[PDB]
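1. sequence, then structure. It's an experimental one.
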Amino acid sequence: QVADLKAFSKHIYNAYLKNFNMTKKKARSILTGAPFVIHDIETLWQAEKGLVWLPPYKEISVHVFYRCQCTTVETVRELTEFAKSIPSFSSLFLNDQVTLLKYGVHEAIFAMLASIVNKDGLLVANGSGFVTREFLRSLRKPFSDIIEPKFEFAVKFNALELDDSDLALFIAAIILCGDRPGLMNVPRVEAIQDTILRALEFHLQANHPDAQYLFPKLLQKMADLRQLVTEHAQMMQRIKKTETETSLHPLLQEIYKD
Amino acid sequence: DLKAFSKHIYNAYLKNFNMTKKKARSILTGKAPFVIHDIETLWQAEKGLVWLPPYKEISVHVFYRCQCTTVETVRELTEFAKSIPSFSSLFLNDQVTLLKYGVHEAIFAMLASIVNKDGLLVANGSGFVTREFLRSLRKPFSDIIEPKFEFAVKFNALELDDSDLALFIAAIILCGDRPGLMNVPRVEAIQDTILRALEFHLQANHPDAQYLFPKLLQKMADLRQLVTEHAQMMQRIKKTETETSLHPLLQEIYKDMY
Ligand SMILES: CCCCOc1ccc(C[C@H](CC)C(=O)O)cc1CNC(=O)c1ccc(C(F)(F)F)cc1F
Ligand SMILES: CCCCOc1ccc(C[C@H](CC)C(=O)O)cc1CNC(=O)c1ccc(C(F)(F)F)cc1F
Ligand SMILES: CCCCCCCO[C@@H]1O[C@H](CO)[C@@H](O)[C@H](O)[C@H]1O
Ligand SMILES: CCCCCCCO[C@@H]1O[C@H](CO)[C@@H](O)[C@H](O)[C@H]1O
């Protein structure tokens, strides 16, 4: 079957290249040399006034929080199209497709954020802006609480030096997850995941021949991402409890609803 | 535009439903199906003339075949809906909400296409099961069958064709007041376009018909009441026929209906 794994992997890579606005390849060329640097209120206003780029304005920390929601909505759209282009995802009934996306998108999002991140900050607005990690840390709690763990995960994840062909299989494995709550056809999803994981293992052997233990390291990263999302959801719950004037986008209300 | 909108819907209907009312009406008149009317003819139909959990008994076997046709028709309705203008632009969870609360209304309307007052076409029309036989089945399983014939006979008196039904079923699915809908304004907007298209189409297709468009709006309300009563019957069967299986997709559909 191993020669069908290579074609399986290539189909997933093509779904990735077709559907995601930013690749790690493009992002890393931007980050190595230019993006307008957002590092304080004045540069953020500059960036919004046209140099780089929503519910009614509230304050700076809430505004950034709203922009975080907008990127999640847009990435969910891309992840949905990516998943629909995956072998046998769209053969599942639509409710199973929604269940897999509901519980998988944030795990995928936080892994993909690593592609547009270095230790100093984050690419925004199609790579035309760069918002500094220090500026994001300087925001008001509880909003700054959600930021730093994602940088901490991303820097360690980027040390693995994956490329876009690796990430396409990695993201596919995150989505096709058999133990999501309320899944209808568990055996079918488990079977698809096993095929992706076998394809991923085969791909890493060819693409990273000298890398030690890369496949089990990635399996651990998938476990770390589930914990990262658990902690993130807890922080989102505190924001919902304590920041009642701050809006939550309807799509995110449905994702975080129990 | 409005003609083109209708034509897109009609083509999606022809592309996705194998049995049209045109094909069915040829068979039912004489332009032949093996008649299933008792245990022996059903056995002959299963043995090869015409065509699941382990056999329990006659009434449960027919009940299982009803579930199988629903599962298959839901697959077709999903693909039909995905080809509707701006349905696919809805977020996937709203698509599922519309299908969850819409498929049985559409199914019972489309059953009229393959039904006369004497029975029902089965297995691509190769078989014809009689209303008398279905009435003879054990309670509570017989309880679900007769109200569908009652609706279908009166619905067939309107003499719609496949071009009409394509818009009618699109209107059923794109329904703005389904529980838990996320983007109600967007759905209401598509629904209003379909209803205008339906009225515009009926003027051309049935110029001499009196009050046909409000007649069809009332049929949509009748279908919602028919499904409410059917769902209550199905929940009682699930309570009283504990050894009878319910397909997982039907389990997810009827979950929260009252
Ligand atoms: C590791 C990078 C920093 C952390 O970024 C995060 C953190 C959590 C989330 C998850 C969101 C939070 C509402 C969700 O729960 O869906 C998204 C981003 C993605 N954020 C953005 O895309 C973003 C976009 C614009 C701006 C800004 F400052 F330019 F406005 C700041 C941003 F963090
Ligand atoms: C107006 C036509 C008669 C009533 O048919 C009904 C009634 C309710 C339903 C809804 C189903 C019931 C399990 C659902 O809840 O999804 C489906 C059919 C559709 N039934 C079938 O497709 C069917 C198929 C095969 C056979 C038989 F007898 F040949 F086995 C009998 C059948 F009624
Ligand atoms: C195949 C399209 C028609 C499928 C209809 C079945 C929908 O079931 C619903 O699936 C949702 C997850 O997507 C769950 O959140 C709901 O609890 C459940 O009721
Ligand atoms: C676009 C794909 C991403 C969608 C993720 C959001 C899914 O939300 C869920 O949608 C279901 C209806 O389908 C509801 O039954 C659930 O209550 C709700 O939690």
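-> Arrived safely, thanks for sending. Residues are numbered from 1 along each chain as shown, chains lettered A, B, ... in the order given. Ligands and ions are numbered 1, 2, ... in the order given.
2. ok, and what's touching stretch A:207-219?
-> With contact meaning Cβ atoms under 8 Å, 6 or more residues apart in numbering or on different chains, stretch A:207-219 is reached by A:160, A:163, A:165, A:166, A:170, A:200, A:201, A:204. (Each C-beta comes from the backbone N, C-alpha and C, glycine too.)
3. how about those in JSON lines, adding distance to residue A:257, neighbour count and secondary structure?
-> Putting these into JSON lines (distance: Cβ to Cβ, whole Å; neighbours: other Cβ atoms under 10 Å in any protein chain shown; DSSP: H, G, I helix; E, B strand; the rest coil) gives the following:
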{"residue": "A:160", "distance to residue A:257": "33", "neighbour count": "15", "secondary structure": "coil"}
{"residue": "A:163", "distance to residue A:257": "36", "neighbour count": "14", "secondary structure": "coil"}
{"residue": "A:165", "distance to residue A:257": "35", "neighbour count": "20", "secondary structure": "helix"}
{"residue": "A:166", "distance to residue A:257": "33", "neighbour count": "21", "secondary structure": "helix"}
{"residue": "A:170", "distance to residue A:257": "27", "neighbour count": "25", "secondary structure": "helix"}
{"residue": "A:200", "distance to residue A:257": "31", "neighbour count": "23", "secondary structure": "helix"}
{"residue": "A:201", "distance to residue A:257": "35", "neighbour count": "16", "secondary structure": "helix"}
{"residue": "A:204", "distance to residue A:257": "36", "neighbour count": "20", "secondary structure": "helix"}
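4. C-terminal to the top helix by length along chain A, what's the next element?
-> If you go by DSSP state H, chain A has its longest helix at helix A:214-242. Downstream of helix A:214-242, the first helix or strand assigned by DSSP states H and E is helix A:250-256.
5. for that following helix, packing partners?
-> If you count contacts as 3 or more Cβ pairs under 8 Å, 6 or more residues apart in numbering or on different chains; DSSP states H and E, helix A:250-256 packs onto helix A:60-84, helix A:94-113, helix A:214-242.
6. could you confirm whether the longest one reaches ligand 4?
-> No - remark: helix A:214-242 sits outside contact range of ligand 4, by Cβ under 6 Å from any ligand atom, the gap being at least 12.9 Å.
7. show me which positions of that helix end up buried.
-> A:214-215, A:218, A:221, A:224-226, A:228-229, A:232, A:235-236, A:239 (16 or more other Cβ atoms under 10 Å in any protein chain shown).
8. cool, and the first one?
-> Counting neighbours by 16+ other Cβ under 10 Å, one finds that the buried residues in helix A:60-84 are A:60-69, A:71-72, A:75-80, A:82-84.
9. tabulate the helices and strands packed on helix A:250-256 (JSON lines), appending distance to ligand 2.
-> Shown next, in JSON lines, are those (distance: least, Cβ to the nearest ligand atom, whole Å):
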{"stretch": "helix A:60-84", "distance to ligand 2": "26"}
{"stretch": "helix A:94-113", "distance to ligand 2": "15"}
{"stretch": "helix A:214-242", "distance to ligand 2": "35"}
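10. out of those, flag the one nearest residue B:152.
-> Proximity to residue B:152, assessed across the helices and strands packed on helix A:250-256 by Cβ to Cβ, is greatest for helix A:94-113 (26.9 Å).
11. helix or strand next in line after the closest one, which one?
-> As assigned by DSSP H and E, the chain's next helix or strand after helix A:94-113 is strand A:117-118.
12. get me the contact residues on chain A for ligand 4.
-> For chain A, the contact set with ligand 4 under Cβ under 6 Å from any ligand atom comprises A:76, A:80, A:98, A:101, A:102, A:254, A:255, A:257.
13. gap between stretch A:13-29 and the chain center?
-> Distance of stretch A:13-29 from its chain centroid, counting by Cα atoms, centre = their mean, to the nearest Å, is 13 Å.
14. how far does it stretch from one end to the other?
-> Stretch A:13-29 stretches 19 Å from its first residue to its last (Cα to Cα, to the nearest Å).
15. so who does residue A:192 touch?
-> Contact analysis of residue A:192 by Cβ under 8 Å, 6+ apart lists A:86, A:87, A:88, A:89, A:176.
16. tell me the most packed of the residues you listed, by neighbour count.
-> Counting neighbours by other Cβ atoms under 10 Å in any protein chain shown, residue A:176 leads the contacts of residue A:192 with 26 neighbours.
17. ok, now which ones touch the residue in the stretch 151-258 of chain A that ligand 2 sits nearest to?
-> Nearest residue of the stretch 151-258 of chain A to ligand 2: residue A:184, at 15.5 Å (Cβ to the nearest ligand atom). Contact partners of residue A:184, counting by Cβ under 8 Å, 6+ apart, are A:93, A:95, A:96, A:99, B:248, B:249, B:252.
18. now render the residues you listed as CSV, adding distance to residue A:153 and neighbour count.
-> CSV is the format used below for the contacts of residue A:184 (distance: Cβ to Cβ, whole Å; neighbours: other Cβ atoms under 10 Å in any protein chain shown):
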residue, distance to residue A:153, neighbour count
A:93, 33, 20
A:95, 30, 23
A:96, 28, 23
A:99, 24, 22
B:248, 36, 14
B:249, 37, 20
B:252, 34, 17
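19. give me every residue in chain A lying close to ligand 3.
-> Counting by Cβ under 6 Å from any ligand atom, chain A comes close to ligand 3 at A:93, A:94, A:95, A:98, A:99, A:182.
20. so who does the residue nearest to residue A:144 when sequence neighbours are not counted touch?
-> Counting by Cβ to Cβ, 6 or more residues apart in numbering or on different chains, residue A:137 is the residue found nearest to residue A:144 once chain neighbours are left out, at 5.8 Å. Residues near residue A:137 by Cβ under 8 Å, 6+ apart: A:144, A:147, A:148.
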